[PDB]
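This report concerns only the one structure given below.
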Ligand SMILES: CN(C)c1ccncc1
């Protein structure tokens, strides 16, 4: 059981050591498409690349590349697209991916500005009456409504394919209170947020995979998927204590490098799953 393992690692202060064993055990696959010179301007960070085998392809004949990975968790029956916060030049690509993958939800775990730098382009409209048109990908995006709460905002968006005039409703789940440094002290508001995304239907197999991002699409984004998958496996298994968070993280790292960036994010993931297990038992 992980509550017991949590106390062992915490009382022995071994979090950096566990985190290093995960780093050394993690898969390494080619990411040749990400490193093509023509893709250089499509990557926010030169050391964060999708693997070729799990990368999302755009259906545009010109350049199919976006920094995004499909994480398929077979036992949990959950898929996720993890991507970087869009760049000024990739906002049209991002919405093209949402359209093509038939996603219902976008989960954003960062602020546009953190530590005095831009972590993400402003890729959604700020006002109902000022819609955004992405000329490169022929999409129109409208803010329909916005519900601002203390820890998160939920926005209803209409995405319109200008080529075919089809429209879809997209839900934007924006977690707004992750601190600039470190992790939240308590996982309560993060769990509430995760249950709100689940309640929306955005994580359900009827729809395409949810799109999850922070700045690089590996740290906070990693915590989100890891918590969700672990809690779902605890519902599904005869013995919930058979769920090993280190094994699940390693399985997810086959699909995208570097998921969970710090020993602090690993500790917070344990805490979120341990606390979430109480609401699930
Ligand atoms: C590659 N990169 C971080 C950028 C590209 C275009 N504008 C801003 C940043």
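By the numbers in Swiss-Prot, the shown part of chain A spans 2-282.
Determined via X-ray crystallography, 1.8 Å.
Each Cβ is built from the backbone N, Cα and C atoms, and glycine gets one as well.
Of the residues 215, 231, Swiss-Prot records the annotation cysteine sulfinic acid (-SO2H) for 215.
Between 50, 205, the residue that has phosphoserine written against it in Swiss-Prot is 50.
According to Swiss-Prot, the listed position annotated as phosphotyrosine out of 66, 124, 153, 176 is 66. When the C-alpha distances from residue 262 (substrate binding site) to the modified residues 20, 50, 66, 215, 243 are tabulated, the minimum falls on 20.
Separating the Cα atoms of residue 20 (phosphotyrosine) and residue 218 (substrate binding site) is a whole-number distance of 18 Å.
When Cβ atoms from all protein chains are considered, those within 10 Å of residue 242 (phosphoserine) total 12, not counting its own.
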